[PDB]
């Protein structure tokens, strides 16, 4: 089972002091009986709920194979490494919650393909580079928080970004724009 393999790969790359992934047994037919994983009626993964789990380590690109994933909750851990680009394949995702971690590297432009996304909270990490403009195309976006990162450059105010205020962008490296204090060169 491809979804089970992807989650076993993730387990292999996570460091799990409290053994919250103990039930993640790769030999099973699917991951639907595993704690912190929810499957729908057709035995496909719709949630991964791993907040406050004392996890460290890094994510893996195989997460992008969870094609019916609706909720990815990995908030309040100590996960390092980049946000994989392959997360932009998760087109049924409504909540992407990676906040309160140590993610570094850029926000991938591929997150602009998540057209059903309502919650994007990547705040409290060390993400760098520009806010991808493709995020303004996500018209379902209700809550955006990119605060407490090391982002820089221009902050959009068009598309879905009309709903967002300096609260979403505060305490970054060098953001500029009308929504921020400083205007851009």
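Positions refer to the first chain, counted from 1.
State which stretch shows the higher mean Cα B factor in the entry: 23-31 or 138-146. In the deposited entry, the stretch with the higher C-alpha B-factor mean is 23-31.
Higher-B stretch (mean Cα B-factor, as the entry records it), 120-128 or 54-62: Mean C-alpha B-factor is greater for 54-62.
Classify residue 43 as lowest, middle or highest third according to the C-alpha B-factor given in the PDB entry, relative to its own chain. Highest third of the chain for residue 43's C-alpha B-factor.
CA B-factor ranking of residue 70, expressed as a third of its chain: According to the entry, residue 70 has a C-alpha B-factor in the chain's lowest third.
Classify residue 171 as lowest, middle or highest third according to the C-alpha B-factor given in the PDB entry, relative to its own chain. Middle third - that is where residue 171 ends up once the chain's C-alpha B-factors are sorted.
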